[PDB]
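Protein chains in written order, with this note's numbering: chain A, 15 to 227; chain F, 2 to 219.
First comes the structure, then the notes that go with it.
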C-alpha cells in the first residue's frame, strides 16, 4: 500500500557543499520516517528516525525534516565519508518499506571518454561465439550512451554493460559494453561499430572495424 | 554487540534456503536483502511487540521466520527460490526506540550482520575461458574472462608489476547463468611490440589459474 519514492536518483556534489535530498510517501505517514546510509556491499547505517531525530553517534551535519508525505535529509557540509547511497524508510508495527535510494557521487570537471573497440579473438571464434567489446575510459559524469551498429543496423537486446566505481584518484568512471553474437550471425555482416554519446563530446564518437581485416 | 550470520549458499531454483542470525549479548531480528544493482528490500522479521513474525506482502506465503531463544538465533527460511532471490541477506535488530501518545515504534538499529549471499542457480562450478582484447599516444588492451561460476575471479597484469591504468570491471551475469568480465589497461603505444603484457586470471572456486599474453594481431 504505502510507496516511498526518492528524488533525485543521483546527485553530484563537492566536499563542503550543502546537500538536500527528498523522500515522498504515497500517503501521509506522520513522522514515521527514517533515513539510512549505505556504502557499496556493506550493511546500511541508521542516521535519522522520527523524521528529524539524529541517531546516537551520527555526525550532527546530518539533519532531517518533514512530516506527512514530504521529507528531506540535509548534509550541512558534505564530507569525504558521505559519498554513499541514502535510503528513506517508512516504519510501522506491521512492516518496513524502503525508498529506492539516492546515490551521491563526487563532482569533478566534465571529461569525455576515450573509446576503444575490440573484435573477437580468433580463439573465441573457434568455439562458436563472438564477443565484441567497446571500452569507454575515464569519463565524467556517469551518464553515457553506447549504441552498437552492425552494417548500420542499430542493435538491441544483445549487449551488456558494466561500470567501475568512481575512481579514488581522478573521480572518473569507466565502462565496458559487450555485444555477443553467435559465430554464424557474426559472419553475416561486415562493419561493427560502437557509437558513444557523452556530454563531454560535442558529437558522438564511433569506433569501428571491418570483420576479418 | 554483534550479529553473526550463517554462510553463503548456492541453491537450485525451486529449492529453499535457511539463513541464521545469532546475537552476541534476546532481540527481535529482521531480514533485509539487496539483489545485485538493486535497493534495500525488507523481507520480514520477528516483531518486538508481539514476538511473532511479520512479513513483507511480497514474501507472505513463501518465507518463515523462527527463533530459538535457547541459542539466541533467529532463522529466515525462503522457499520456492527464483533467480531474482539472488541477493545479500542482512539481519538487524528491530528495537523499540520511542513512544508517542502511547504508541511505540521500532527501528532497525546498528549493527547489522555482515550479510549472507544466497545465489539461486543451476550452474556448476566452472573456471573461465580467457581471451585477448588485442591492442590496435595511448593504447588500450585487455582480457575477456568469460563463462565462469560462481564469483569471483581476480585479474592481475604482468604478475602484479602493472597496476596503473588498469580497470577490472564488475562481472555481469549472462543469460547462460555464467559470469563474464573484462579487465583492461592503457599503455603507451610505443611500448607495444617491445614490452610483453600478460593477464593473470585466478578463479579460486574451480582452482583455475590462466595466464594469457595479449599482443597485437598480425
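A virtual CB, placed ideally from N, CA and C, is assigned to each residue, including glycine.
Using C-beta distances below 6 Å, list every residue in its chain close to residue i, excluding the 5 sequence neighbours before and after it, in chain order.
i                      : result
residue 114 of chain F : 4, 6, 22, 91 and 92
residue 142 of chain A : 197
residue 105 of chain F : 97
residue 225 of chain A : 204
residue 110 of chain F : 94 and 96
Which residue or residues does DSSP assign as beta-bridge partners of residue i?
i                      : result
residue 181 of chain F : F:147 and F:173
residue 76 of chain F  : F:21 and F:67
residue 88 of chain F  : F:119
residue 194 of chain A : A:145
residue 202 of chain A : Answer by DSSP bridge pairing: none, since residue 202 of chain A is not bridged.
residue 230 of chain A : No answer is possible for residue 230 of chain A: it lies beyond the span of chain A, which begins at 15 and ends at 227.
residue 32 of chain F  : F:45 and F:92
residue 68 of chain A  : A:62
Since residue i meets chain C, which of its residues come closer than 9 Å, beta carbon to beta carbon?
i                     : result
residue 43 of chain F : Annotation note: the requested chain C is absent from the structure, which comprises protein chains A and F.
Using DSSP with H/G/I as helix, E/B as strand and the rest coil, what is residue i?
i                      : result
residue 97 of chain A  : coil
residue 46 of chain F  : strand
residue 189 of chain F : strand
residue 82 of chain F  : coil
residue 140 of chain A : helix
residue 176 of chain A : strand
residue 208 of chain F : coil
residue 159 of chain A : strand
residue 161 of chain F : helix
residue 39 of chain F  : coil
residue 59 of chain F  : helix
residue 214 of chain F : strand
residue 219 of chain A : strand
residue 152 of chain A : strand
residue 106 of chain F : strand
Is the beta carbon of residue i less than 8 Å from the beta carbon of residue j?
i                      : j                      : result
residue 173 of chain F : residue 180 of chain F : yes
residue 197 of chain A : residue 139 of chain A : yes
residue 60 of chain A  : residue 97 of chain A  : no
residue 217 of chain A : residue 191 of chain A : no
residue 158 of chain A : residue 195 of chain A : no
residue 134 of chain A : residue 126 of chain A : no
residue 87 of chain A  : residue 31 of chain A  : no
residue 108 of chain F : residue 101 of chain A : no
residue 37 of chain A  : residue 115 of chain A : no
residue 81 of chain F  : residue 15 of chain F  : yes
residue 178 of chain A : residue 50 of chain F  : no
Among the residues of its own chain, which have a CB less than 7 Å from the CB of residue i, if the five just before and after it don't count?
i                      : result
residue 27 of chain F  : 70 and 73
residue 88 of chain F  : 34, 35, 36 and 119
residue 154 of chain F : 129, 146, 182, 202, 203 and 204
residue 124 of chain F : 150, 178 and 179
residue 24 of chain F  : 4 and 73
Which same chain residues, not among the five before or five after residue i, have their C-beta less than 8 Å away from its C-beta?
i                      : result
residue 213 of chain F : 131, 132, 133, 144, 199, 200 and 202
residue 110 of chain A : 103 and 104
residue 10 of chain F  : 18, 20, 117, 118, 119 and 120
residue 169 of chain A : 161, 162, 163 and 193
residue 124 of chain A : 154, 155, 213 and 214
residue 215 of chain F : 133, 134, 135, 136, 142, 143, 144, 198, 199 and 200
residue 100 of chain F : 106
Practice prompt. May I ask you to list, following chain order, the residues of the region 156-169 of chain F that have a beta carbon less than 7 Å from some beta carbon of chain A?
Written response: 168
Practice prompt. Could you list the residues in the region 57-68 of chain F with a C-beta less than 9 Å from some C-beta on chain A, going in chain order?
Written response: 57 and 58
Discussion item. Short of 8 Å Cβ to Cβ, which residues in the region 102-116 of chain F face chain A?
Written reply: 106, 107, 108, 109, 110, 111, 112, 113, 114, 115 and 116
Discussion item. To be precise: take each residue of the region 134-167 of chain A, compare its Cβ to all Cβ atoms of chain F, and keep it if any distance is under 7 Å. Which residues remain?
Written reply: 135, 137, 138, 145, 147, 149 and 151
Practice prompt. Check each residue of the region 188-201 of chain A: if its Cβ is closer than 9 Å to any Cβ of chain F, include it; give the result in chain order.
Written response: 188, 189, 190, 192 and 194
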